[PDB]
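Before any questions on how it binds or moves, here is one chain, the form deposited in one PDB entry, in structure tokens.
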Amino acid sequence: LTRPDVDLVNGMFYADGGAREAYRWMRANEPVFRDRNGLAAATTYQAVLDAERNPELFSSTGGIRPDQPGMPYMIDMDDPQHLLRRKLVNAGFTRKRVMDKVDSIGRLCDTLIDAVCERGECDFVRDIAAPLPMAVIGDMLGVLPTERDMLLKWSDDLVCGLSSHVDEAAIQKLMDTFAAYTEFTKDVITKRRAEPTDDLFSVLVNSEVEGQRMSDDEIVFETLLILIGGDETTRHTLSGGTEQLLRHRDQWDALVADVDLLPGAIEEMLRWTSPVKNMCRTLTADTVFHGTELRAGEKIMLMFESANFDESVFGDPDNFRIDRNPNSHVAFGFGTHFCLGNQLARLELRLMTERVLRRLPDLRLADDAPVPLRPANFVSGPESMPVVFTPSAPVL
């Protein structure tokens, strides 16, 4: 009944377990809510949809983070500049193009499962959920296999860096990692200019925008956006979604018995886990929006998890149900910026989860205590997830 006392920039808010109670208050009392620091947030599904649908008023050019300015990548652009970038990269992410990767991604899943299946135990986050989407996007970008862990470590350092709650040495670590990624990329530019390859790095390196070559700085940021979209999102729906399947044994069992129930289960895993907790928009004019007066130039946080637990839309959002149908979640956002990777992510989720179901059919949590979550304010999910299963033989 009492107003939440919350800093939406504090990663602890997303990790401590209180967020969904706080969102319930917000959606009932103050749909466009201001936190203890005055930062506006769209908290109801309608408020998020309406802002998404009006980019003239709710611009992306001010930067998607609450505490950082506009940067040279497509997520911080409005149309028509944004669509020009999308047209450079869309072809590699369509459903048809993604479906061409069924065998290739399936082999990565079997490799990873081969690595643990004889042991009867693993850390589902470290051994399964994190590496698979890293390998997929790394192959798309032309990362050598032996370079995947290094890029993944950098990607972790960049997004774990995101909180008002971390010390100024965690801030230098953030900037040092970015500088590392920048020098790596500027060397990739040298290489793909001289020796172009088939992959997404090379396409960005050699791409044109406004009839001049894409800026080296925009190449840094666009490739970074694709990498992190790739390697810091799906991992959390794989681990947090599988957690919920383990906690609802009857649903796990239904899937083991009937793989045709999988597509629906994935949509519920997405809704439940909502890996991307928010994205900002900047007001281009003073307005009144769902009864909150908003000032030109301030940001508003689109709260996707809050929208995804909106009772007026889902009826019973607090039950996890693989049979939820339809499942109109906005884990991937909505509108012109609607997730580029969303078919890639769904196919990663399908192919891995099917192999886990088939090959580790008595999977369980090592203990049913809460799974620890990353206290960061942008992307977050399970930090680790020890699991156990009856050992079995490798397949590849």
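A residue's number is simply how far along the shown sequence it sits, counting from 1. For clarity, a rigid core is taken as the largest C-alpha set superposing within 1.5 Å between two forms.
Higher mean CA B-factor, judged across 334-342 and 353-361 from the recorded values: 353-361.
If you average the C-alpha B-factors over 5-13 and over 378-386, the higher value belongs to 5-13. Per the deposited coordinates, the residue with the largest Cα temperature factor out of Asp167, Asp316, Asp76, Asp156 is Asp167.
Per the PDB entry, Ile171 shows the highest C-alpha temperature factor of the residues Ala265, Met279, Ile137, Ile171. Among all modelled residues in this chain, the alpha-carbon of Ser163 has a temperature factor (C-alpha) in the highest third. When the CA B factors of the chain's modelled residues are split into thirds, the value for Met301 lands in the middle one. In this PDB entry, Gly240 carries a Cα temperature factor that places it within the lowest third of its chain's modelled residues. Per-chain ranking of the deposited C-alpha B factor places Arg247 in the middle third. Sorting the modelled residues of the chain by their CA temperature factor places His329 in the lowest third.
A second form of this protein, the form deposited in another entry, is not displayed here; the remarks below concern that form.
Here the two forms are overlaid on the core, and between this form and the one not shown the C-alpha of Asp198 is the only one among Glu293, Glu118, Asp198, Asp250 to shift by 2 Å or more. Annotation: Cα of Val166 displaced by at least 2 Å between this form and the one not shown, core superposition. Once the cores line up, the CA of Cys109 ends up less than 2 angstroms apart between this form and the one not shown. Relative to the superposed core, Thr185 shifts its CA atom by 2 Å or more between this form and the one not shown. Between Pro382 and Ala170, the Cα spacing is larger in the other entry than in the shown form, differing by no less than 3 Å. Relative to the shown form, the CA atoms of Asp156 and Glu354 are pushed 3 Å or more farther apart in the other entry.
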